[PDB]
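**Student:** an experimental structure, sequence included, is below.
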Amino acid sequence: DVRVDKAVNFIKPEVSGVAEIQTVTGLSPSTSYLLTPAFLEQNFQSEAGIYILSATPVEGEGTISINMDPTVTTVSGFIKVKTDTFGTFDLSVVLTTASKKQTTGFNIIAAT
Amino acid sequence: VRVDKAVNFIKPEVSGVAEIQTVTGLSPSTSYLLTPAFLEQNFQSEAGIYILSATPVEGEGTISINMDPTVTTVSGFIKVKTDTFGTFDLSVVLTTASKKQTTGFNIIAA
């Protein structure tokens, strides 16, 4: 079986094009998870520029892309990542234009 | 835990009238999770808003995709189990059927 363990929002990086580390905690130690993108009720045109997020695991596989360009829109990808012995993992998250302060996120999917 | 397959949603014919999508080629009698995805779509190639909802015929959850620029949502997940023939059915509805963009879902298993 498979299930959604919990939903987490992506961080909002401070600087355009410069990745920040997002740490996720509270999961089972030494366990494989799959992350998929999602967002709810966002106005991506509240100010100028385009919301474009990319996220990868520091150690793992996959890239999540959320590109809200109005004639070429993408929500795709996944991340495969394993927790450490403390139930945590790190992602690298980059916003192409950091003034886009909309909220997006991912589901954390687990075997059961 | 991985994506086994990605499949496109059907494009229903009539606004607000659900149609059945059958997914095949999966493991028999196995639980899957579905989450939405799409690539390089122009949701403004014509007038009206792309708004899709999908639910399993047997299972739970709803995927919602509302590309309204004022209130954009790409969300929800479906839990569904295949029959003994590796298939399952979804019920898919477009609010405005003239929006013929392509969207879809991941099929996830462990």
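**Tutor:** Yep, it's here. Numbering: from 1, shown residues only, chains lettered A, B, ... in the order given.

**Student:** which non-adjacent residue is nearest the closest residue to chain B within chain A?
**Tutor:** Taking C-beta to the nearest C-beta, chain B has its nearest neighbour within chain A at residue A:111, 3.6 Å off. (Each C-beta comes from the backbone N, C-alpha and C, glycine too.) The spatial neighbour of residue A:111 that comes closest, neighbours along the chain excluded (C-beta to C-beta, 6 or more residues apart in numbering or on different chains), is residue B:110 at 3.6 Å.

**Student:** burial count for residue A:24?
**Tutor:** 19 (other C-beta atoms under 10 Å in any protein chain shown).

**Student:** give the contact list for it.
**Tutor:** Residues near residue A:24 by C-beta atoms under 8 Å, 6 or more residues apart in numbering or on different chains: A:8, A:88, A:89, A:90, A:91, A:108.

**Student:** now do 7 Å
**Tutor:** Shown in contact with residue A:24 (C-beta atoms under 7 Å, 6 or more residues apart in numbering or on different chains): A:8, A:88, A:89.

**Student:** and for the strand ranked longest in chain A, what's in contact with it?
**Tutor:** Ranked by residue count, the top strand of chain A under DSSP state E comes out as strand A:32-42. Residues outside strand A:32-42 that contact it (C-beta under 7 Å, 6+ apart): A:27, A:64, A:66, A:75, A:78-82, A:102-110, B:1-2, B:35, B:71-75, B:106, B:108.

**Student:** immediately after that strand, which helix or strand?
**Tutor:** Using DSSP states H and E, the next helix or strand after strand A:32-42 towards the C-terminus is strand A:52-57.

**Student:** hmm, who's touching the helix or strand just after that following strand?
**Tutor:** Next in sequence after strand A:52-57, counting helices and strands by DSSP H and E, comes strand A:60-61. Contact with strand A:60-61 is made by A:79, A:80, A:81, A:82, as judged by C-beta under 7 Å, 6+ apart.

**Student:** mind checking which of the residues you listed are buried?
**Tutor:** Neighbour-count burial within the contacts of strand A:60-61 applies to A:79, A:81; the criterion is 16 or more other C-beta atoms under 10 Å in any protein chain shown.

**Student:** which of the contacts of strand A:60-61 fall in strands?
**Tutor:** Those of the contacts of strand A:60-61 mapping onto strands are A:79, A:80, A:81, A:82, per DSSP E.

**Student:** give the contact list for the first one.
**Tutor:** For residue A:79, the contacting residues are A:35, A:55, A:56, A:57, A:60, A:62, A:64, by C-beta under 7 Å, 6+ apart.

**Student:** can you redo these as a markdown table with neighbour count?
**Tutor:** Converted to a markdown table, these look like this (neighbours: other C-beta atoms under 10 Å in any protein chain shown):
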| residue | neighbour count |
| --- | --- |
| A:35 | 26 |
| A:55 | 24 |
| A:56 | 18 |
| A:57 | 20 |
| A:60 | 17 |
| A:62 | 17 |
| A:64 | 23 |
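
**Student:** thinking again about what came up before, max pairwise distance over the ones in strands among the contacts of strand A:60-61: which two?
**Tutor:** Pairwise distances across the ones in strands among the contacts of strand A:60-61 (C-beta to C-beta) peak at 10.7 Å, for the pair A:79 and A:82.
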